[PDB]
Amino acid sequence: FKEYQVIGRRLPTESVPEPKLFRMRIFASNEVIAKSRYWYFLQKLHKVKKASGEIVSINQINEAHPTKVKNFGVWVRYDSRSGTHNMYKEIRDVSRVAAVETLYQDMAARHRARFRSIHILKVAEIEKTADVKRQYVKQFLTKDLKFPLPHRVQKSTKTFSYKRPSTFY
Amino acid sequence: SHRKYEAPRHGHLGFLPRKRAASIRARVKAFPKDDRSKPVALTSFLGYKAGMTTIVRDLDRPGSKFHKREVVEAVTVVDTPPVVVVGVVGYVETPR
Amino acid sequence: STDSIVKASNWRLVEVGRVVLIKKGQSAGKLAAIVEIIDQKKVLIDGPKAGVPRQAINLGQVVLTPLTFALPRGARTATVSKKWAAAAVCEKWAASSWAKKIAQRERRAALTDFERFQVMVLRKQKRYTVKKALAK
Amino acid sequence: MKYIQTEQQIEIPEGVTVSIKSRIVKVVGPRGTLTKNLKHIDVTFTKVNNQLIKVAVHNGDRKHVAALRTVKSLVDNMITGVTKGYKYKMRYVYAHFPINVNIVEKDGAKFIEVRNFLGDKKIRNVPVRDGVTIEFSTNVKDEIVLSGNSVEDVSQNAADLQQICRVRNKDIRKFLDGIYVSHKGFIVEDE
Amino acid sequence: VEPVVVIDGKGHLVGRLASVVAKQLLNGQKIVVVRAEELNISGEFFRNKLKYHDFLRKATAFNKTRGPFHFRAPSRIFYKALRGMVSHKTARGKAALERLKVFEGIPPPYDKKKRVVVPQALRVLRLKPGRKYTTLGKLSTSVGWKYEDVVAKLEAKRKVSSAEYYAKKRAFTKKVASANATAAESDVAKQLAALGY
Amino acid sequence: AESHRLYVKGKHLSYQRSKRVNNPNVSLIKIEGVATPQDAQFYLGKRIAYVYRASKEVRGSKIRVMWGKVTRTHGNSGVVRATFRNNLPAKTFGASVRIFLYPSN
RNA sequence: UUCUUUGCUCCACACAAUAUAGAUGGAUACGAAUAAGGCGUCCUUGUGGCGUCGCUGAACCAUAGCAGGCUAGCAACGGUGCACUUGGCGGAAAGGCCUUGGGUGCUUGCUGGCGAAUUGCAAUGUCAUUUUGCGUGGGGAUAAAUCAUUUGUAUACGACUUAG
RNA sequence: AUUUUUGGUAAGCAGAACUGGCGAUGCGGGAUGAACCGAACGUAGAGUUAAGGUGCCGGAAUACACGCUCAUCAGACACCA
RNA sequence: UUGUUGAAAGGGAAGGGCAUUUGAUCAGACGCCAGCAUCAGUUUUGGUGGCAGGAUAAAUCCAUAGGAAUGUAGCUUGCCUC
Numbered sequence: 004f005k006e007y008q009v010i011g012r013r014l015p016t017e018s019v020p021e022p023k024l025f026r027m028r029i030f031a032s033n034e035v036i037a038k039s040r041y042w043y044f045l046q047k048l049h050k051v052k053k054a055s056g057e058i059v060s061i062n063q064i065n066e067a068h069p070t071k072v073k074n075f076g077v078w079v080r081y082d083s084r085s086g087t088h089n090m091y092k093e094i095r096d097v098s099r100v101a102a103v104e105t106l107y108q109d110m111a112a113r114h115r116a117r118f119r120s121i122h123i124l125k126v127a128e129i130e131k132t133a134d135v136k137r138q139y140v141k142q143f144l145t146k147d148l149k150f151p152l153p154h155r156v157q158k159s160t161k162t163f164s165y166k167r168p169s170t171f172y
Numbered sequence: 002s003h004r005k006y007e008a009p010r011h012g013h014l015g016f017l018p019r020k021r022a023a024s025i026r027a028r029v030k031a032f033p034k035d036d037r038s039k040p041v042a043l044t045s046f047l048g049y050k051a052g053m054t055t056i057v058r059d060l061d062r063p064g065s066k067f068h069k070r071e072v073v074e075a076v077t078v079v080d081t082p083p084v085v086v087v088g089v090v091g092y093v094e095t096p097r
Numbered sequence: 002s003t004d005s006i007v008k009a010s011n012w013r014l015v016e017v018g019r020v021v022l023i024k025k026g027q028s029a030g031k032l033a034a035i036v037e038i039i040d041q042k043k044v045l046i047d048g049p050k051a052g053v054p055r056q057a058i059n060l061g062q063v064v065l066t067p068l069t070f071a072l073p074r075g076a077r078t079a080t081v082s083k084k085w086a087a088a089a090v091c092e093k094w095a096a097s098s099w100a101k102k103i104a105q106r107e108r109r110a111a112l113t114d115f116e117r118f119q120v121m122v123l124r125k126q127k128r129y130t131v132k133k134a135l136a137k
Numbered sequence: 001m002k003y004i005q006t007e008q009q010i011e012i013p014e015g016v017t018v019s020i021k022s023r024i025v026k027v028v029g030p031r032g033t034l035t036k037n038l039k040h041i042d043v044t045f046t047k048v049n050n051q052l053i054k055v056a057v058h059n060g061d062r063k064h065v066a067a068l069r070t071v072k073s074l075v076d077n078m079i080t081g082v083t084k085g086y087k088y089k090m091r092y093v094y095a096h097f098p099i100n101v102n103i104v105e106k107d108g109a110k111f112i113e114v115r116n117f118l119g120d121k122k123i124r125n126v127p128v129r130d131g132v133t134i135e136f137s138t139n140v141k142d143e144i145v146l147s148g149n150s151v152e153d154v155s156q157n158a159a160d161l162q163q164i165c166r167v168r169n170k171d172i173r174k175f176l177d178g179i180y181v182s183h184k185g186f187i188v189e190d191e
Numbered sequence: 003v004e005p006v007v008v009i010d011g012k013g014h015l016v017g018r019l020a021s022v023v024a025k026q027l028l029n030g031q032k033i034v035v036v037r038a039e040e041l042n043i044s045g046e047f048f049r050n051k052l053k054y055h056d057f058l059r060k061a062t063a064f065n066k067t068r069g070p071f072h073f074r075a076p077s078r079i080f081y082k083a084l085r086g087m088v089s090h091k092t093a094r095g096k097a098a099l100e101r102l103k104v105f106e107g108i109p110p111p112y113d114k115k116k117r118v119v120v121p122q123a124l125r126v127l128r129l130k131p132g133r134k135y136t137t138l139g140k141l142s143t144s145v146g147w148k149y150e151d152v153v154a155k156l157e158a159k160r161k162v163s164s165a166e167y168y169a170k171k172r173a174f175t176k177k178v179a180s181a182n183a184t185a186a187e188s189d190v191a192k193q194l195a196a197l198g199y
Numbered sequence: 002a003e004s005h006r007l008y009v010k011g012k013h014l015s016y017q018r019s020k021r022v023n024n025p026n027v028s029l030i031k032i033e034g035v036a037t038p039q040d041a042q043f044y045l046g047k048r049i050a051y052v053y054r055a056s057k058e059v060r061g062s063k064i065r066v067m068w069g070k071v072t073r074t075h076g077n078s079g080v081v082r083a084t085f086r087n088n089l090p091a092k093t094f095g096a097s098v099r100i101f102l103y104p105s106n
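Protein chains in written order, with PDB author numbering: chain S, 4 to 172; chain B, 2 to 97; chain M, 2 to 137; chain H, 1 to 191; chain O, 3 to 199; chain f, 2 to 106.
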């Protein structure tokens, strides 16, 4: 995935000079998707479609600090089989994009919600700890954390072994 | 549709096939459980069927209608002239 | 007894300080110290001296090492490089039974055909003395 | 959630030993020796003080951390079994037919013969598990006290004795007849 | 690599091992499996019992002889699971299964031969710690196989004699490792540690 | 002294086939001790021979030889494709072939 | 199993075949656990202390010489074949494992001295494992079944059980 | 046969609209199948792909990555059972 | 359709297609089968070099301003082997 700034305006028809330039923060694997999604969302907010408007700028946005561990509190909306539901999940990751693709995977895994049936309402980094709601994140926010990895499964590149392989670590 | 009036099957389905027992001897397929304490002795014994006769005997069966009463029973006799030992086979237990 | 008794289970803890040998990747056999665990399966590792970039990596591609050193959590590449060189991680690693077995594989791979004939000769010269010793 | 790590504290009394290797809890105490292998659970024990032992589960679960507290329970039950032991009091409840219960011997095996339960001709044989001792206690009419070390030995002996005297083909709410565990407790007095 | 491979079938998943062995035999590698009565299946004893009873009930109605033969031995349960993964009706398949032998325990010649494992078909390496599994030693006997504890006697004898052998081999390898360690600090040993050997 | 080997041990796995249909012109050969297409690319263009023994002395010897060369790699797991001067007979699925170190580098 | 001698067999040779599900350095032996062990060491001998090891067998052992010739030695008191003896151990398919002394060969542990071409620039460039009858020259042993006849514990016919 | 659609509880039923198919069509795939998917075909070589897959049968990763699920009636690929 | 001889194959049919092995067989007496080098057409698989752009990458790095915690060293009160 990638995060893209998409500024589209509206078609400048004289009698209407300087249309109000609407910016988005689309999550998309390339520009051809990032611009198609831009139009999809702005067709749900304003009377304008790709014919009646124009993309004036598309610019990839990178991570401010792409090696600081961050608690991403993401607000999301998804079409279920029966209805639609607004969710709040908390990803812990190193980039906004890496956190979002983990959300898309853990939404697809836990509610069978595929790409077409998910809207990313917001992806806000949680400033101060004690604002982290979910325990599956508050686990990894404990002073002087350590934990083993029992049952270390090494993998051969050959069919036969001679040693009776161990699972120690 | 079903038999209309259901009766039990003719014949036991256990004594099959009903072919001619390959040998003419009897072929003991199971011997007793082999007690290791009590003295050594033969289990089974070969012999020859001679014929059937009648017997009369008193009947000790308390509760029976014929308690302490003569009853006729059919009996079959087997000629059992002493059987001569001529060998000994050793059998090892295997996964077959 | 009354010193009761527990085995116990000795493990390599996934902590801040744990140097980890990268097994699959562009690095593939370089050291890097863990600075911050993300979530049970994912870590943050920087090997400034070995020359692997500060990256968030999956745990299938790392092997925990017996060696550790006191690093503060989420410490940058400069702080890592100083605490690393202070503790002397590279020496404790090179003076391992495992590092030696990696150096043995890469050496016997980088052996020549003439040096293969030489080692063969020398092993049989050794073999003469050891079989004289095994007899007595 | 898959709980990163969770542990349970197991207290060890003043004159008992706990020997754990690979998952065989062998507790020794004043009463005697109790063994129990927990090779079915997949946890880790760690002696901290020779008087506390921490049992732990790494990357746990709902079904996994349930067992971690179970194994703390079973190991405390073993320490209780050697320190104080167990003692189950059962009462004979009969309406008309008095229950004739005594401990007989058959090839040196320790059985409990139950005869005249609802005037039943049958002689019910409850084999006493080894480590369990039976006492037909005086001072309480129609009582039987199953004492020893391992709770699973005492409890299953008491249960198997209750189960054999179940009234068949009746209203079990009128025919309230059989030997029922009144009390479950510890052997040592001052309690 | 070897002319004949010998696989210890203990602590192995039936189907996974069967697939590995089925490919080896078609590629033309002679294999014997031994300790076939310590094979393992995923899921509790009862599930695989019911799976078998569902297989038992499958017979040719009009003559229960010519119907699917239900072989009860752990060696023959493996053979069924492996013959499934080969085209046994074809001459290549017949020849492929001819390269295989399976035994309940480790008989002669194989009693004193080296025994390999197949890490991608080990229960310990594969099944999630917490899941319950079967043992072909218990299942096979519950469905008909009679020789559970004949094999337990013959294995217990072989393991006593092979423990004596190992205790002698190890006691010796102490002398060989000690004399090889007292061969170091020699001109030859330093030249070998330079070349890497 | 014991060893005399100047080829690698190949094995004739199968032909180039669909799920059903087979192509008997391209024969799939598994080389001993190769893992990936990268490791396999050493053996690209090499000369593979299938040495077999008949009962009739033809022109000095009872042994006959069916010649081929490695064309290219196959799959993800270091199998190669070989073309033989005359196609292989298919009864040799699992028979060993010899991968010579001819046209060298 | 024959004495018409010349037939049967076991072992050794040569020979004329006959094949090959496929040798082309070695199938290199603890068991048990895997939220645990291996090996070494210690001795209040244990579910014990202290080391160490793993993270693949990419190992280990074998590993030179006409596909391995002929010869002079120096150093060892070894390694390793071929045939023979010692005591044994193995029954799950033990048909193999040890283990004596000896002998006789070789040894690349190390210095020597000759030989190899012309298979012509590659052509598997032939060396393995069976099924063998074929003559040699030595050891060894010297029968049964079937039909026909007979019985009736059996029998459609075969078969089965008998008898001579 | 997708879509629109009438009768009919319904139908592998009856009857329409537009288009595409079978009929008259082999080939790769859905195990098998007139109609589905992919592609339409002189005789060969080489290369690359479609739909579909790559534990073993079976050519092709017992690939990598994040989760979910333990079922004494698990689940497993559209038309399609 | 049958007999004999000769040859071959044969685990609930046989026969057929593509490919080769094996056995028998037979025209081409005037050619058969290869290896290498340097080239052309096609195409697969590396290894390296020079540039372009983006937030003239974001970072890391260095300077600098402010701040906080899962609070570093010290500071302090408690149990006290200092």
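Quick reminder that beta carbons are idealized off the backbone N, C-alpha and C, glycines included.
Short CB-CB distance (under 9 Å) between residue i and chain O
{"i": "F43 of chain f", "result": "no"}
{"i": "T130 of chain M", "result": "yes"}
{"i": "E33 of chain f", "result": "yes"}
{"i": "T95 of chain B", "result": "yes"}
heavy atom of the ligand NAD below 8 Å from residue i C-beta
{"i": "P9 of chain B", "result": "This structure lacks the ligand NAD; in fact it carries no ligand of any kind."}
Anticipated Cβ contact below 8 Å, residue i with residue j, distance rounded
{"i": "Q62 of chain M", "j": "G30 of chain M", "result": "Actually they do not touch by this definition, with Cβ atoms about 12 Å apart."}
{"i": "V97 of chain S", "j": "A57 of chain M", "result": "4 Å"}
{"i": "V21 of chain M", "j": "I46 of chain M", "result": "6 Å"}
Chain M contact for residue i (CB, 9 Å cutoff)
{"i": "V71 of chain H", "result": "no"}
{"i": "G15 of chain H", "result": "yes"}
Min CB distance residue i to chain S below 9 Å
{"i": "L123 of chain M", "result": "no"}
{"i": "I103 of chain M", "result": "no"}
C-alpha gap between residue i and residue j, whole angstroms
{"i": "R54 of chain f", "j": "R68 of chain O", "result": "41 Å"}
{"i": "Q31 of chain O", "j": "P96 of chain B", "result": "27 Å"}
{"i": "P83 of chain B", "j": "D59 of chain B", "result": "31 Å"}
{"i": "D120 of chain H", "j": "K34 of chain B", "result": "36 Å"}
{"i": "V7 of chain O", "j": "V34 of chain O", "result": "6 Å"}
{"i": "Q162 of chain H", "j": "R124 of chain H", "result": "11 Å"}
{"i": "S98 of chain M", "j": "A104 of chain M", "result": "10 Å"}
Proximity test, Cβ basis, 9 Å: residue i and chain H
{"i": "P20 of chain S", "result": "no"}
{"i": "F143 of chain S", "result": "yes"}
Name, going along the chain, the residues of the stretch 7-36 of chain M whose beta-carbon falls closer than 8 Å to a beta-carbon of chain H.
-> Residues are counted here when their Cβ sits less than 8 Å from a Cβ of chain H; for the stretch 7-36 of chain M these are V7, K8, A9 and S10, given in chain order.
When Cβ atoms are compared, which residues of the stretch 157-187 of chain O fall closer than 8 Å to chain M?
-> Of all residues in the stretch 157-187 of chain O, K177, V178, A181, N182, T184 and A185 have a Cβ within less than 8 Å of some Cβ in chain M.
For the stretch 6-50 of chain S, which segments carrying the alpha helix (DSSP H) assignment without a break, of at least 4 residues, lie completely within its bounds, in sequence order?
-> You should have 34-45.
Counting only runs of 3+ residues fully inside the stretch 43-110 of chain H, write out the beta strand (DSSP E) ranges in chain order.
-> Correct list: 44-47, 52-58, 86-93 and 100-104.
Which runs of the beta strand (DSSP E) fall wholly inside the stretch 39-92 of chain f and span at least 3 residues, in chain order?
-> Contiguous beta strand (DSSP E) elements confined to the stretch 39-92 of chain f occur at 48-54, 64-75 and 80-85, taking only those with 3 or more residues.
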